[PDB]
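So the sequence lines, in the order shown, correspond to chains A and B.
Residue numbering for the first sequence is 37 to 163, 165 to 184, as defined by the deposited numbering.
Residue numbering for the second sequence is 36 to 162, 166 to 184, as defined by the deposited numbering.
The next block holds one structure in the form of structure tokens; read it before the comments.
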Amino acid sequence: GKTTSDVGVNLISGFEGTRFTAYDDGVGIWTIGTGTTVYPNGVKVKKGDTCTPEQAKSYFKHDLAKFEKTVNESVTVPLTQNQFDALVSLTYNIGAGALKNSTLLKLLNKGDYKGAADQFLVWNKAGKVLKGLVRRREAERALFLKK
Amino acid sequence: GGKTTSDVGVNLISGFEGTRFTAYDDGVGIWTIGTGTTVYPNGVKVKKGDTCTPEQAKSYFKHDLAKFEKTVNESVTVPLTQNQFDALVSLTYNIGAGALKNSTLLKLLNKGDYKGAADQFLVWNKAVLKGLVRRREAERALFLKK
């Protein structure tokens, strides 16, 4: 299958940010590194955790491989590298279950690229529509549609 | 009052520079850290072995952004769109204030020849390298976007 490109890694990194002490992501999930919330050994990120640049790099790479596998195994239609990057970013933010259950994936796997691109935009909620999620879904949709 | 870099320009610059927390050689022998930082705000040059935190990289990036915004605001005598200001700030961040001020790009720009300056973006691709080509093309396209 495919792997995330430098473009997709940079998109994800830019929207996740990088921090080396654990912080609450706003919805109550403690986060560290570049958006890490679960360490590769299954341990949850908790308040007071600290990490080094190399450790954040390792956690980011592990989770990238995980969501790359999710996308490669869930999507049954051809993808450009742009679309794969966008879908990996989305799934990184929303999770594998949310992707697999989304109408986005239903439309995508019916071959309805435009419908899936537009379905990117419905994932802007904090449980509140946050603006950062709005901008992120818009940027991901734009990458997904870029040829 | 002049312009400041917008989220679009910040995203462009950060995306092409990347962010790193150990000092690295940028390929031409200039040690670099954070988001393209090579000179700390107190004048100290980035040197091999230096480390920084995300917050420190952010502070250094903001300082250098303000510096190059001034260079652009004080060097360009023609009206600019926000797109053009962002593109020029990205370019000047990469090449420096002296190179910009002496460039034929700026001469054409300040004569009111926007198209010529946009095209002059493309000659700043040398140590001729490819990432620089892609960056100059993205900056030129932003510069021409309405």
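Backbone N, C-alpha and C define an ideal beta-carbon position, used for all residues, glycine too.
Item: Specify, as a first and last residue, the run of the beta strand (DSSP E) that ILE130 (chain A) falls within.; Value: First-last for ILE130 (chain A): 117-130, but that is the alpha helix (DSSP H), not the beta strand (DSSP E).
Item: Just the Cα atoms here: how many angstroms apart are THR88 (chain A) and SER138 (chain B)?; Value: 42 Å
Item: Identify the contact partners of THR54 (chain B) in chain A, using a Cβ-Cβ distance below 8 Å as the criterion.; Value: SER49 and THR54
Item: Rounded to a whole number of angstroms, what is the C-alpha to C-alpha distance between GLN155 (chain B) and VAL107 (chain B)?; Value: 16 Å
Item: From which residue to which residue does the alpha helix (DSSP H) around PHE56 (chain A) run?; Value: Per DSSP, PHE56 (chain A) belongs to no alpha helix (DSSP H); it is in the beta strand (DSSP E), 55-60.
Item: Report the residue from A:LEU167, A:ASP121, A:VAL158 and A:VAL81 whose alpha carbon sits nearest the alpha carbon of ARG55 (chain A).; Value: A:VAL81
Item: At which residues does the alpha helix (DSSP H) containing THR86 (chain B) begin and terminate?; Value: Careful: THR86 (chain B) lies outside any alpha helix (DSSP H) and carries neither H nor E.
Item: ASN145 (chain B) and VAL124 (chain B) look like a contact to me (Cβ under 8 Å); what is the Cβ gap, rounded to whole Å?; Value: Rounded, the Cβ-Cβ distance is 16 Å, inconsistent with contact.
Item: If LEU135 (chain A) and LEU143 (chain A) are in contact, beta carbons under 8 Å, what's the gap, nearest whole angstrom?; Value: At roughly 12 Å, the Cβ-Cβ gap does not stay under 8 Å, so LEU135 (chain A) and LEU143 (chain A) are not in contact.
Item: Counting only the same chain and skipping the five closest in sequence on each side, list residues whose C-beta sits under 7 Å from that of residue 164 (chain A).; Value: Missing here is residue 164 (chain A); chain A as given proceeds from 163 to 165 without the residues in between.
Item: Residues of chain A with CB under 8 Å from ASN46 (chain B), in chain order?; Value: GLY50
Item: Could you list the residues in the stretch 88-122 of chain B with a C-beta less than 7 Å from some C-beta on chain A, going in chain order?; Value: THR88 and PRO89
Item: Going along the chain, which residues of its own chain have a beta-carbon closer than 6 Å to the beta-carbon of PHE51 (chain B), five neighbours each way excluded?; Value: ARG173
Item: Less than 8 Å between the beta carbons of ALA152 (chain A) and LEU47 (chain A), yes or no?; Value: no
Item: Please return the same chain residues whose Cβ sits closer than 7 Å to the Cβ of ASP121 (chain A), not counting the five positions on each side in sequence.; Value: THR40, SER41, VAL43, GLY44, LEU47 and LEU180
Item: What in chain A is Cβ-close to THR57 (chain B), meaning under 7 Å?; Value: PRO89
Item: Using only alpha-carbon positions, find the residue among A:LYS168, A:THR72 and A:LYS105 that is nearest to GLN91 (chain A).; Value: A:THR72
Item: Between the alpha carbons of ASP60 (chain A) and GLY69 (chain A), how many angstroms are there, rounded?; Value: 12 Å
Item: Using a threshold of 8 Å, state whether the C-beta atoms of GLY78 (chain A) and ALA58 (chain A) are closer than that.; Value: no
Item: Measuring CB to CB, does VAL74 (chain B) end up less than 8 Å from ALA162 (chain B)?; Value: no
Item: Going by the DSSP bridge assignment, what does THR67 (chain B) pair with across the sheet?; Value: B:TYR59
Item: Since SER138 (chain B) is in the alpha helix (DSSP H), which residue starts that stretch and which ends it?; Value: No alpha helix (DSSP H) contains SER138 (chain B), which DSSP labels as neither H nor E.
Item: Roughly how many whole angstroms lie between the Cα atoms of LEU167 (chain A) and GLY131 (chain A)?; Value: 18 Å
Item: Please go through the same chain and pick out, in chain order, the residues whose beta-carbon is closer than 8 Å to the beta-carbon of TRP66 (chain A), but skip the five residues on each side of it.; Value: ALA58, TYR59, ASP60, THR73, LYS80, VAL81, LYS82, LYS83 and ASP85
Item: Apply the 10 Å Cβ neighbour rule to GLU109 (chain B) and answer buried if 16 or more other Cβ atoms are within range, or exposed otherwise.; Value: exposed
Item: At what residues does the alpha helix (DSSP H) containing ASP148 (chain B) begin and finish?; Value: No alpha helix (DSSP H) contains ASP148 (chain B), which DSSP labels as neither H nor E.
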